[PDB]
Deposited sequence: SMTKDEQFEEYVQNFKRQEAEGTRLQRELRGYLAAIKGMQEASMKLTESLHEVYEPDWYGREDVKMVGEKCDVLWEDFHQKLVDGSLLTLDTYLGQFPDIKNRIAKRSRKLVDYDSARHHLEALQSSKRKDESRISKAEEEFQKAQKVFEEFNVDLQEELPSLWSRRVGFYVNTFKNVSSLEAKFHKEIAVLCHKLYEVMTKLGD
């Protein structure tokens, strides 16, 4: 009885952790959009202070071009990857929410239909059998909602540990390939600057 109240405390928590992760992942993606655009303004002012063309304009426009492409693709891979995966995972929660509440009421109706056992503690056989049909009906409805959730709540909580683990794995790996690749483009820009000065 109290074992299910423990599954609810675990569900309501797992839901908060997940919506918090979505918030902070939307915060991280917005900031990446912010450094991309801010970095692009900086490269554009360089392109203005370079006319006509001196000591490698073709190796400045190319660097500035594929830098924007790296930022552009990295943001999108996080949007279409780890953010979408987290949205679909959180979409599981509103239906389970409605059913946890439905079961709770179906439990009251079961316990009210059951406590009406005073009827068979006199008896009117036509009213006993009428109450039996309303008790058996209440027991089958409660057990339909309860049987499913008793499985689904500890089964969602189990895939929780490996869910946060897989999200951060794919994020850190997209980061690593973006930072390792942009570091090279940044170095090419430096090497073109040293050619000038």
Stretches with no C-alpha atoms in the model, relative to the deposited sequence starting at 1
1-4, 127-129, 205
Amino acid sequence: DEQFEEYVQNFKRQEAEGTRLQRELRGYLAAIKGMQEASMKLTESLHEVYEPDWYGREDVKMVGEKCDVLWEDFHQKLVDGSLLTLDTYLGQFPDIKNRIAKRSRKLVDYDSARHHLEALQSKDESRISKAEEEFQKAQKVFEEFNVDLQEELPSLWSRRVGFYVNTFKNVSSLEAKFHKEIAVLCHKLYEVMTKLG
From here on, numbers count along this sequence of modelled residues.
Taking the deposited Cα B-factors and averaging over 179-187 and over 5-13, the higher mean is found in 5-13
Taking only the CA atoms, which stretch has the higher mean B-factor in the record, 165-173 or 55-63?
55-63
Which one, 38, 70, 31, 46, has the peak C-alpha temperature factor per the PDB entry?
46
Based on the PDB record, which member of 92, 82, 76, 122 exhibits the highest Cα temperature factor?
122
Of the three thirds of Cα B-factor ranks in this chain, residue 131 occupies the middle
C-alpha B factor of residue 156, ranked within the chain: lowest, middle or highest third?
highest
